[PDB]
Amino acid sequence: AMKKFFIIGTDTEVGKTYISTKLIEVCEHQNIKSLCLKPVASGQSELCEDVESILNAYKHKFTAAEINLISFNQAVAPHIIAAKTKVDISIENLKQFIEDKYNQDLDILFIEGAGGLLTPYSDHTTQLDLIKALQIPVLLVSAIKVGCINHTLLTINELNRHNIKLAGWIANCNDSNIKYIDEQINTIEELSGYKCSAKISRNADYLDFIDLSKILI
């Protein structure tokens, strides 16, 4: 009965990790047994910054080896760094790593990906290939800024083409200088047909936790 969510962004640097920490915080506060994986990571803090962020959200209940399989140091590709260092980001190895968690006593398993939907894992594979092999739903994090509507709709359409369920989308309103935030969110909802699951801003709010909790119910 374990719920599973593969977390992707609409672009690189949409605050996806920040959202993962908020989802972890909701589970922890509700005494829900959860785990958040970061199977592929880049950019060192010994451990990568996103790996450290997730371990810190769980108050070190888990280890880096329990959540991460492969790490890169340059903030470009995991995939271009993988080719430069002569290592592979293998779909089968990542699939086995994630599916191995399915018999743990968890209510929810989150899997934070390595950027966008078609972020490559090689010059012949993308993150979609892994998500499609897993046959699990996606949680899409959209950073609200000029151009986000095009990126959010493109990502939702690609998911639809490959019959990957969209469990929900989250508006990361990480920049209060962006004008017409509410209008951009309403447009994405209208054009996509998906109501926004949660509107998260820098200003901490309990509605964030109420809305985030509903994704998990």
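Residue positions are given as counts along the sequence shown, with the first one as 1.
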(message) Going by the PDB record, how many residues of the deposited sequence fall between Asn31 and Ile32 without any coordinates: none, 1 to 3, 4 to 9, or 10 or more?
(response) none
(request) Output the stretch having the higher mean C-alpha B factor in the entry; the candidates are 18-26 and 192-200. (result) 18-26
(message) Test of understanding: from the entry's C-alpha B-factors, which stretch has the higher mean, 206-214 or 2-10?
(response) 206-214
(request) Please pick out which of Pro120, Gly115, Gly147, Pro137 has the largest Cα B-factor as recorded in the entry. (result) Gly115
(request) Quick one: which of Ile108, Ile91, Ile111, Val76 shows the highest Cα temperature factor in the PDB entry? (result) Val76
(request) Using the B-factors in the PDB entry, rank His124's C-alpha atom against the chain and give the third, lowest, middle or highest. (result) highest
(request) Would you mind ranking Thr85 by its C-alpha B-factor against the rest of the chain and naming the third, lowest, middle or highest? (result) middle
(request) Would you mind checking where the Cα B-factor of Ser142 ranks among the modelled residues of its chain, as the lowest, middle or highest third? (result) lowest
(message) Test of reading the entry: by CA B factor among the chain's modelled residues, which third contains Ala64?
(response) highest
(message) Among the modelled residues of this chain, does the Cα B factor of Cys173 put it in the lowest, middle or highest third?
(response) middle
